[PDB]
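# Let me see the structure of the following:
(4 chains, ligands or ions: 2)
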4 protein chains.
Amino acid sequence: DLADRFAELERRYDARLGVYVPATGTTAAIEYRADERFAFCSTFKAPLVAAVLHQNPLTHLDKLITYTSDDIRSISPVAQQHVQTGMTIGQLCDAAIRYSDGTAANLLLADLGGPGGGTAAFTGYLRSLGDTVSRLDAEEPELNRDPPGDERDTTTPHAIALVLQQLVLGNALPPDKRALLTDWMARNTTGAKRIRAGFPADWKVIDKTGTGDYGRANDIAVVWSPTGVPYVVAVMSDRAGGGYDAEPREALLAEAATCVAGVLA
Amino acid sequence: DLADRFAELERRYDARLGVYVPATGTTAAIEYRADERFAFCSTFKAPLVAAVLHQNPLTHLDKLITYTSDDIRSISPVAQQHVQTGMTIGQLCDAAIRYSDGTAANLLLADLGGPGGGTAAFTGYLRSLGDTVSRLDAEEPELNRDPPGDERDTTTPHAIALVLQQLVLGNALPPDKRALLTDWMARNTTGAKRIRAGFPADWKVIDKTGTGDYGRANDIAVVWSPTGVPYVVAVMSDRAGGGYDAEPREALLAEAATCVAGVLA
Amino acid sequence: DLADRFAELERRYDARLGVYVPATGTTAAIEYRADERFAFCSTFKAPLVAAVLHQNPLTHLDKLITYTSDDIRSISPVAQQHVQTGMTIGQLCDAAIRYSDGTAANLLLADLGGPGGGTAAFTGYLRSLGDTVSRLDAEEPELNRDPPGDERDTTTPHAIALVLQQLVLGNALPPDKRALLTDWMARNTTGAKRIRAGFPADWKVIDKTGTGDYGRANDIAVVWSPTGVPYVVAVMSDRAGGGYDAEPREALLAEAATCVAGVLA
Amino acid sequence: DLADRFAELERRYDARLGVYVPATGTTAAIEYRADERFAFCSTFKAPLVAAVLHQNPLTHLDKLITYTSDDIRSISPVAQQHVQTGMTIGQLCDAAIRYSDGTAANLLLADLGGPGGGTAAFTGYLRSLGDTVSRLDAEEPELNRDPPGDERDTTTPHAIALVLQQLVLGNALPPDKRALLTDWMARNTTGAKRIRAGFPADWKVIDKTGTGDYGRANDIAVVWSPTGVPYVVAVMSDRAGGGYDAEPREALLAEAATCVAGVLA
Ligand SMILES: *C(=O)/C=C/N[C@@H](C(=O)O)C(C)(C)S(=O)O
Ligand SMILES: *C(=O)/C=C/N[C@@H](C(=O)O)C(C)(C)S(=O)O
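Residues are numbered from 1 along each chain as shown, chains lettered A, B, ... in the order given. Ligands and ions are numbered 1, 2, ... in the order given. Now the structure:
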């Protein structure tokens, strides 16, 4: 019956909304277009960091990577600053999550190795976690601007929420590695107007945002009740019928998050 | 069906919940035990101030009232500080709303004059905005400790919400007087953990709290959506079965307010 | 020569300014009216918690203290909410520092025990730290309203700065207790517009504020440079010539703090 | 005096500092190597935009420019994305200021037309604002790597401050053109760690950064005191002697800006 409010929000914002909240021990699952495909955009950077963490020892984070000015091919607020000094795999992880750095994601994909510069390796890592649906085919920034209807560089709310649940709440990572991913998402800077804005302030929120053309605006998050119960909230949206240049509407994601918060209360 | 969530909240906190949100042009009215009597507690201090404002000129706020240490009969954080200097009606209004000062309320009641120390005048003022249900019979602090089932010093979420709607949104006061009430409720200090804690931070919240024995915890509020749509939210609660010494559960009001926010989004 | 910029601020704000920054290993001390007496106001609440910490085991923080409505004699944003339940010595500490709770401070003083409700015990604890100047003679809220010139309830910037240096940077407390005082001062809610507003955001700031009649506005703080060098900044002000009702000017303290920051850079 | 602190920061960071703050009605001018030549680096992109604005109508911002992958010759986070669609002068203005886009800068230079790809037309526009000293001779990225001592592609903190003063505070642009420049500088993404990091957060800061070889790091900024008084702060630094590969030290610029803030308080 909450699916009437979501469809009302889709009408209001001229957009398509996708919502998934995995069912917990006490409460039931929340689904709206939960098995419809939305574009990853930058949300893939969260399990990308987890893939590098799972495949390498903790001391692989101190390895220095250097890059040229020709590698800065997308918005890279941190990689742009360190073209002469270079950056370690740890700082690349910090940048790729907290500042959604495009270049940091592409080098992290390269560190994964393999065909397509690491896209195949990344999709393989998602498969190991049980995600049968998601797929990454391009690197930054081409992945953001796939045409609508094309299945490349897409996930689903259902699929991405279950990946995030294992990475933060489950056992996909050892505790010392799981605490680094969690801390990076807790100190994220790009999502203050989305799921964070939809939930009361005494609910803790860690998230990774995603934005691209065709009005694409995503936010995947883990949230904690004031009493400590954790939930996973996957919210994805696009406005593909409005064309390539359609503006994303962050208010839709905040409003949807407020609907969810009332149900989880 | 939001009525299931409220009765769930009643079972979880061992309490009786009363919720009223007046219907606006866009949304429908929210009701849960909306026409069941709850105790005013300190929520009456909001229409009390508006009563003094309505019956008097603005310069009546500069009238100085002196009192003795025998008049301090309830929680009076501000009145206790000025026993030798005295307080103006204006300060007595500020104290009674922002700090829920008990003695300032009793003096303001005396400023309404008449039988029962100005209770009869106050209920009469309540009949003028159209509220034939509510009634104030005692002064501070006795009004907080009436037995359950007794109809003295009681209002209802339905009754109190419509009063507040006229006083803040309607025309029960002139604009100059209407702004002083709202500024005192905006900078209130006693309700951070109730309705304010249940709504997202980009919603604006003005409120007057009430607390008393039998686990009585109330919060009456005017809220504003991030786009500026105002609503009235009346949340009242008691735990009479737990007896006279039952602890009030503020988390219940915060939780109920999050449910309301989800529907209003 | 920085004493010219301070006296210019004194002229601009119609106020008397006291500033002390203890000399560190590299840099020299900063003094302005550094051995002149200013009123403690609520800055005493910081070493008061330290005095309770020093005099008791860590499990004494779990002791439940109960109080009545007649103990609320000043602004007590937290103690006013827990009259029915009571508060633990830990919560009383947290409230007295973070919200500058007046009643919580008076109960902590009483926990020290002794003449004057524990004021003598407090003044003795300062003497043990090497403070020969300060004195606390009254309780809240009488200590904020002593006449000017009166030595009662007065410290000096020099004296209070060296007390705070021992309590946070020195060895006047064991590490497990010292981290509790530091964490309460780091999460203070009352001093965003004073020394915090005067220092750049990449400087860490812990503080305790003081405010009272005669335009009295103090802020005692420990700050950390972006590279980790700690400094102690004692800033006090009053406007006694402006009368009992003179308004404190927080802009003076933030401005004075910006002058100090330039010298410490 | 303040010039001893600057030379101390010089010793500590192994650099040569250049600081100019144009004197206002109230305060005196700040100078330190103010008429010594530093390399423009990317700070020229600030008056470059104003040049296009000044000699063109508002409709010229919608002119579309197309370019090849052979024109991408330096760090161009925005120009790399639009090689097949092309960018308009307006977007090229936005990119060249907010992301210090190199290829956007070179296209805007060519939009000024003339010898040296519009370097002569740019220096010419600088002479119209009274700047006899500054000169731009190369295009991106050759201008960032001129040897020390060489006078090509150099300004001075004195010479770069007054142009910016005219271009943001003065009448070098009509108001409708002046606000586009200001809004792009206000939303800059490349200078959080420099002058912005040295001033308290309740000061407003707009800036354009510059970075190049030989440890060159600049920041030209307009700041606003919390009460509204605007100033111009030109901070330039390099580390010749340390070599072509010397790393720029941003902490120097932030430290120098904190010294300026103390004087201006
Ligand atoms: C993750 O893939 C997204 C980046 N989105 C934004 C960004 O901050 O870079 C855009 C919209 C600017 S982008 O598609 O590069
Ligand atoms: C200590 O500095 C505290 C001030 N708190 C209040 C109090 O009850 O004392 C005030 C603000 C009313 S005061 O300045 O006395």
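
# residues touching the closest residue to residue A:245 other than its chain neighbours, list them.
Nearest non-adjacent residue to residue A:245, counting by Cβ to Cβ, 6 or more residues apart in numbering or on different chains: residue A:213, 7.3 Å away. Any C-beta I mention is one placed from the backbone N, CA and C, and that applies to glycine too. Taking Cβ atoms under 8 Å, 6 or more residues apart in numbering or on different chains, we find residue A:213 in contact with A:144-145, A:244-246.

# What is the nearest of the residues you listed to ligand 2?
Distance to ligand 2 across these (Cβ to the nearest ligand atom) is lowest for residue A:246, with 51.8 Å.

# That closest one belongs to a helix?
No: in this structure, residue A:246 is coil, not part of a helix, as judged by DSSP: H, G, I helix; E, B strand; the rest coil.

# Close to chain B: what parts of the stretch 1-150 of chain A are there?
Neighbours of chain B within the stretch 1-150 of chain A, by Cβ under 8 Å from any Cβ of the partner chain: A:1, A:5.

# which residues in the stretch 101-250 of chain A form strands?
A:154-155, A:204-212, A:216-224, A:230-238 (DSSP state E, counting those that start in this stretch).

# Mean neighbour count added to those strands, as a markdown table?
Formatted as a markdown table, the strands of the stretch 101-250 of chain A follow (neighbours: other Cβ atoms under 10 Å in any protein chain shown):
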| stretch | mean neighbour count |
| --- | --- |
| strand A:154-155 | 26 |
| strand A:204-212 | 24 |
| strand A:216-224 | 26 |
| strand A:230-238 | 25 |
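
# Looking at those, spot the one closest to ligand 2.
strand A:204-212 (30.8 Å).

# Can you list the strands that the closest one pairs with?
strand A:216-224 (antiparallel) (DSSP bridges).

# Residue A:12 - how many residues pack around it?
A count of neighbours around residue A:12, defined by other Cβ atoms under 10 Å in any protein chain shown, yields 12.

# Grab the most central residue of chain A for me.
By Cα atoms, centre = their mean, chain A has its centre lying nearest to residue A:43, at 2.0 Å.

# From ligand 1, how far out is the closest residue to it other than its chain neighbours?
Excluding the flanking residues, the one nearest residue A:43 by Cβ to Cβ, 6+ apart is residue A:210, at 3.9 Å. Distance from residue A:210 to ligand 1, counting by Cβ to the nearest ligand atom, to the nearest Å: 5 Å.

# quick one: the closest residue to ligand 2 within the stretch 51-200 of chain A from residue B:258, how far?
Residue nearest to ligand 2 within the stretch 51-200 of chain A (Cβ to the nearest ligand atom): residue A:200, separated by 28.3 Å. Look at residue A:200 and residue B:258: by Cβ to Cβ, to the nearest Å, they are 6 Å apart.

# Residue A:195 now?
14 Å.

# the more surrounded of those two?
Per other Cβ under 10 Å, whichever of residue A:195 and residue B:258 has more neighbours is residue A:195, with 29 against 26.

# Provide a list of residues in contact with that one.
Per Cβ under 8 Å, 6+ apart, neighbours of residue A:195: A:205, A:207, A:219, A:221, A:223, A:233, A:235, A:253-254, A:257.

# quick one: which of these is nearest ligand 1?
Of those, the one sitting nearest to ligand 1 (Cβ to the nearest ligand atom) turns out to be residue A:219, at 11.9 Å.

# Excluding sequence neighbours, find me the nearest residue to that closest one.
For residue A:219, the spatially nearest residue (Cβ to Cβ, 6+ apart) is residue A:194, at 4.0 Å.

# give me phi/psi at the one you found?
Per-residue torsions, residue A:194: phi -120, psi -120 (degrees, to the nearest 10).

# what's around it, how many residues?
28.

# Then residue A:168?
20.

# Show the contacting residues for the nearest residue to it once chain neighbours are set aside.
Spatially, and ignoring its direct neighbours in sequence, residue A:168 is nearest to residue A:222 (5.0 Å; Cβ to Cβ, 6+ apart). Residues near residue A:222 by Cβ under 8 Å, 6+ apart: A:164-165, A:168-169, A:185, A:205-207, A:230-233.

# One more: residue A:173?
Counting by Cβ under 8 Å, 6+ apart, residue A:173 has contacts A:50, A:53-54, A:167, A:181.

# Show the residue spans covered by the helices in chain A.
All helices of chain A, identified by DSSP state H, fall at A:3-13, A:45-55, A:89-98, A:102-112, A:119-128, A:157-168, A:175-186, A:195-198, A:250-264.

# The residue nearest to residue A:140 when sequence neighbours are not counted - how many residues pack around it?
Leaving aside its sequence neighbours, residue A:140 sits nearest to residue A:102 (Cβ to Cβ, 6+ apart; 4.0 Å). For residue A:102, the tally of surrounding residues (other Cβ under 10 Å) stands at 25.
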